[PDB]
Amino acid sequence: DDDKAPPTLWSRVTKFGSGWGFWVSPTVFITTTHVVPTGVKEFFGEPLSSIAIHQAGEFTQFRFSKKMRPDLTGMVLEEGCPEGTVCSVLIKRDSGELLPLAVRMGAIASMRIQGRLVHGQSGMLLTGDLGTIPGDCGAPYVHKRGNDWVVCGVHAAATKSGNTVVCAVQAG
């Protein structure tokens, strides 16, 4: 250790707009809506007409026609995790530092953050700055199930202390 997740899993975390996104598979990319660049004609060199985009409650998913990360296997994307589960936020910093932050997740709810409707899950950063920062949005919340890693949300918000975090999750 001490970075928990394997290099391939870290390599899914991708600088994007004013934050990050996550390659769930070679064709599917997820991120938090407010970090997505606007007024552009393409993402990762691909025209919009070759990308199926779904956005809701601060969760954004891109499905590319073209395989963009064929080095990856497909992962399960779940709608949040069970409450009470200790999950990890896979944070990359601009310096290159990797920071897997442990969080205990609570209830999935509709919240109103800074005027944006967030469909997501609150969680508590666990006692061990220590926490997330404004440039961290889009980092994935993950956990391991059997032998496989699963992703369940993307970083969207945190309270002023930083002790409470929220990930946006995909609606079913």
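Position 1 is the first residue in the sequence shown; the rest follow in order. We call the rigid core the largest set of C-alpha positions that still match within 1.5 Å between the two forms.
Stretch comparison, 133 to 141 versus 53 to 61: after rigid core superposition, larger RMS CA deviation in 8 other deposited structures of this protein is found for 133 to 141.
Comparing the two stretches 10 to 18 and 153 to 161 by root mean square C-alpha distance in 8 other deposited structures of this protein, with all structures fitted on the core, the more displaced one is 153 to 161.
Checked against the other entries of this protein, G106 counts as resolved in every one of those spanning it, not missing from a third of them. Judged by the one-third criterion across other entries of this protein, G128, though modelled here, is missing from at least a third of those that model both its neighbours.
According to the record, the deposited sequence contains no missing residues between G39 and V40, so the chain is continuous there. The PDB entry records a higher mean C-alpha B factor for 82 to 90 than for its counterpart among 67 to 75 and 82 to 90. The PDB entry reports B-factors from which the mean C-alpha value can be compared for 47 to 55 and 28 to 36; the larger average falls on 47 to 55.
Highest CA B-factor among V142, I113, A139, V103, as stated in the entry: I113. Per-chain ranking of the deposited C-alpha B factor places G146 in the highest third. In this PDB entry, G135 carries a Cα temperature factor that places it within the middle third of its chain's modelled residues. Among the modelled residues of the chain, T164 sits in the middle third by CA temperature factor in this PDB entry.
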